[PDB]
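I have placed the structure first, in the form of structure tokens, so that the comments after it can refer back to it.
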Amino acid sequence: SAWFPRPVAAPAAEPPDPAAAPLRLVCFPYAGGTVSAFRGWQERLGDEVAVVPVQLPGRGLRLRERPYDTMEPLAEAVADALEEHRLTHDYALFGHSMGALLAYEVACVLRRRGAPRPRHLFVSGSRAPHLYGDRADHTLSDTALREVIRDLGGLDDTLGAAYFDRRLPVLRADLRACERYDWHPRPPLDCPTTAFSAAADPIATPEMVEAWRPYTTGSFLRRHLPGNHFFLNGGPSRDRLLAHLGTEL
Amino acid sequence: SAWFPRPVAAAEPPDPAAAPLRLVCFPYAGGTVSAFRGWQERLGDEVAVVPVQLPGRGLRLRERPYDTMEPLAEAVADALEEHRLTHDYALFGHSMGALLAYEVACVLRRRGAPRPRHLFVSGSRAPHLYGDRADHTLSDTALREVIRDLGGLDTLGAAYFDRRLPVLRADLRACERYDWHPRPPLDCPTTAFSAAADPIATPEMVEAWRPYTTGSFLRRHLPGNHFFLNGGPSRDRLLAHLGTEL
């Protein structure tokens, strides 16, 4: 129709230099995940935030390297890397699930080292840190661990089915840092925190996500999204998460 | 370094008739659907962005433009029904486009059509506060300087000003000669957007939208001038805010 012309396609984008970016958003994947979980994010947030996803060792082009199964050496390796590339200034942290727990721990570790503190902390699909330890799913078989991820919405793809087998070590090593973790009591963070729950998620229920509140002194908001533990892959709530991020950034 | 590989630069736009939601968008005075370029990409695939091209511009350049808000409202409503876009929709409008959106909503309810899921109004005073100005009467250079000073000249406004001067006048007439005829409040939730450096649509004037709906009202304040929609931090913020309610 003359009234409703179809919009012209957005011209392909030159992504900002993480050095030359007003803000940098440091993104942590879920257990068994890679940097592809944050495919498309740069486009959806614009040019005032450079999206810098973190690829842990044991996956992608780091398949030959050994994955960590212990949370604090990992958190310490991560902070080393950040300090070694001047990212710990005008920056914030996103983590989903294991990435959330990992995000928090790296936050603490940069405080102890007296690194310039973060602007914001985002955590989705993750219970409060003190609540981590009771599950032991990294000790399962494969078919059990497959079905657990399936019932949480992690794999239905069938391409994924292929990639699942291959990344089982790295999953197990990711999940072990979450279940052998027990929260060393420590003070609260001064930065502001935003936590995302999902309605169809058992592993991060509202009350569990609510439990993050006393983990910080600054402003705390719990947004509540629809969908499951794995909403982040695609759908209406991945879109909403991204829009909420855009408002606080 | 291997910790931070630079991601791969990332689109098939959903069918208006299929999508779970339509977001019908109205530009400001003497603006085109160009102001909504980039939107679909930023808002995702659960919503089909449907910019509305009013007569008088773009490929409609030689069609005669509407310059009264009510007949414009009726033509638009006819176009929306005729193309089966009257279900699962929301309206957005910046400045003049907000008023058009509000009036279109009112026409649709009158006709029995299903009501919109949301009404988004940006950079616009409340309906009854329209009618005080006379920018559409100014001389060519005078009017140019007004819009130039409000931040309204990429977009091609600057490039295609003289060519658009006739639709600028017509669009501004429809706002500046508008006298709100009483009707009941809408029922749909409504977000209103105002900008900190905007002398034309101040917070006081934007807050006044509140009683025009029985649903919930939220105002979001953002940095920049009257034409904040066009680019920059303020545009991103606007899109993100839109995201959270669609």
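Of note:
- Residue that is nearest to A:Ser97 (Cα to Cα), among those in the range A:13-37 that are more than 7 Å from chain B (Cβ to nearest Cβ), not in a loop (DSSP other than H, G, I, E, B) and not charged (D, E, K, R): A:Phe28
- The condition of being of a type in the set (A, V, I, L, M) and either within 13 Å of chain A (Cβ to nearest Cβ) or part of a helix (DSSP H, G or I) (or both) holds for only one of B:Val121, B:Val104, that being B:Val104.
- Condition check for A:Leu171: more than 17 Å from A:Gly33 (Cβ to Cβ) and hydrophobic (A, V, I, L, M, F, W, C): no
- Given (1) closer than 30 Å to B:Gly215 by Cα; (2) touching a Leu at 6+ places or on another chain (Cβ under 8 Å), number of the condition B:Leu99 does not satisfy: (2)
- Matching residues in the range B:2-27 - criterion: being within 29 Å of A:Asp17 (Cβ to Cβ) and of a type in the set (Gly, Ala, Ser): B:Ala2, B:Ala9, B:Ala10, B:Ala11
- Residues that are part of a strand (DSSP E or B), buried (at least 17 other Cβ atoms within 10 Å of the Cβ) and not aromatic (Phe, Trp, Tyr), drawn from the range A:175-226: A:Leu189, A:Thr193, A:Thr194, A:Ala195, A:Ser197, A:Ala198, A:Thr216, A:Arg223, A:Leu225
- The range A:59-92, subset outside any helix (DSSP H, G or I) and of a type in the set (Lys, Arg), residue farthest from the other protein chains (Cβ to nearest Cβ): A:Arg66
- Test for B:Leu100: is it farther than 28 Å from A:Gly46 by Cα and surrounded by 20 or more Cβ atoms within 10 Å (Cβ to Cβ): yes
- Qualifying positions in the range B:41-68 - small (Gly, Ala, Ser) and in contact with a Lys or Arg (Cβ under 9 Å, 6 or more places away or on another chain): B:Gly44, B:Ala48, B:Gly56
- Pick from the range B:76-96, criterion out of contact with any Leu (no Cβ under 8 Å at 6 or more places or on another chain), within 13 Å of B:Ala48 (Cβ to Cβ) and of a type outside the set (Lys, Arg), ranking: surrounded by the most Cβ atoms within 10 Å (Cβ to Cβ): B:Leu85
- Residue within the range B:64-87 that is touching a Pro at 6+ places or on another chain (Cβ under 6 Å) and charged (D, E, K, R) present: no
- The set of residues from the range B:38-52 being closer than 26 Å to B:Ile200 by Cβ and not in a strand (DSSP E or B) comprises B:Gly38, B:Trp39, B:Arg42, B:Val52.
- Enumeration of residues in the range A:7-25 that are touching a strand residue (DSSP E or B) at 6+ places or on another chain (Cβ under 9 Å) and surrounded by 10 or more Cβ atoms within 10 Å (Cβ to Cβ): A:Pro7, A:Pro15, A:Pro16, A:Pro18, A:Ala19, A:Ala21, A:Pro22, A:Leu23, A:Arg24, A:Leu25
- Within the range A:220-246, residues that are within 13 Å of another protein chain (Cβ to nearest Cβ) sit with their Cβ atoms under 8 Å from residues that are surrounded by fewer than 19 Cβ atoms within 10 Å (Cβ to Cβ) and of a type in the set (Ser, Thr, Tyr), at 6+ positions apart or across chains, in these pairs: A:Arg240/B:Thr244; A:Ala243/B:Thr244; A:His244/B:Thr244.
- Listed conditions (1) within 7 Å of chain A (Cβ to nearest Cβ); (2) more than 15 Å from the chain's Cα centre (by Cα); (3) closer than 18 Å to B:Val121 by Cα are all met by B:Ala10, apart from (3).
- Cβ separations smaller than 7 Å between residues 6+ apart or across chains give the following pairs from the range A:23-36 residues that are at positive phi to residues that are of a type in the set (D, E, K, R): A:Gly32/A:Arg167; A:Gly32/A:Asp174.
- Only a single item in (1) at the interface with another protein chain (Cβ under 7 Å from one of its Cβ atoms); (2) over 14 Å from the mean Cα position of the chain (by Cα); (3) surrounded by 21 or more Cβ atoms within 10 Å (Cβ to Cβ) is not met by A:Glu48, and it is number (3).
Taken together, the values in this text are just the output of simple stated rules run on the coordinates, not laboratory data. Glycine gets a Cβ as well: all are built from the backbone with ideal geometry, and neighbour counts include every protein chain shown.
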